[PDB]
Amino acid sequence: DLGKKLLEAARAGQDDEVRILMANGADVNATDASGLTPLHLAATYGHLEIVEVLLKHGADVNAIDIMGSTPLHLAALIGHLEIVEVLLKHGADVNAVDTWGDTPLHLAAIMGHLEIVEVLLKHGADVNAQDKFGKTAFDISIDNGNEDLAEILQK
């Protein structure tokens, strides 16, 4: 079962191991018990080269886990700017919504990743998208008094 080994290699950042496993028929879209794929794990742990390799070998850029998280939600939450750009160039849905009503914009705003917020707004992120509590990313900036984030969202 090369799928379980590919999940481990993607998380661990073993680039060579990823190439060999794919060459031997490993499922690039294998999931762990919570529905996470190799692309979700490489995007969470910041392995840019693994993300690029997987996208050139059939990884679904918009795969969701059991909680509706896409690779773009996780890269925006963790703050990996270069991976957010690579995902958007490969067709990631900028406005994907998870089970909490969050979009990647809500997660980059909460975590204070202001350069990722700018990138998402430039790629069409919806400033009116509300989470399950009715909050937009603008509401989060006003409620927490983050004036730097509020200025960017108002541009």
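Residue positions are given as counts along the sequence shown, with the first one as 1.
- When 82-90 is weighed against 103-111, 82-90 comes out higher, by mean CA B-factor as recorded in the entry.
- Placement of the Cα temperature factor of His40 within the chain: lowest third of the modelled residues, per the deposited record.
- In the PDB entry, a CA B factor belonging to the highest third of its chain's modelled residues is recorded for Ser34.
- In the deposited entry, the Cα temperature factor of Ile66 places it in the highest third of its chain's modelled residues.
- Annotation for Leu121: C-alpha temperature factor in the highest third relative to the rest of the modelled chain, per the entry.
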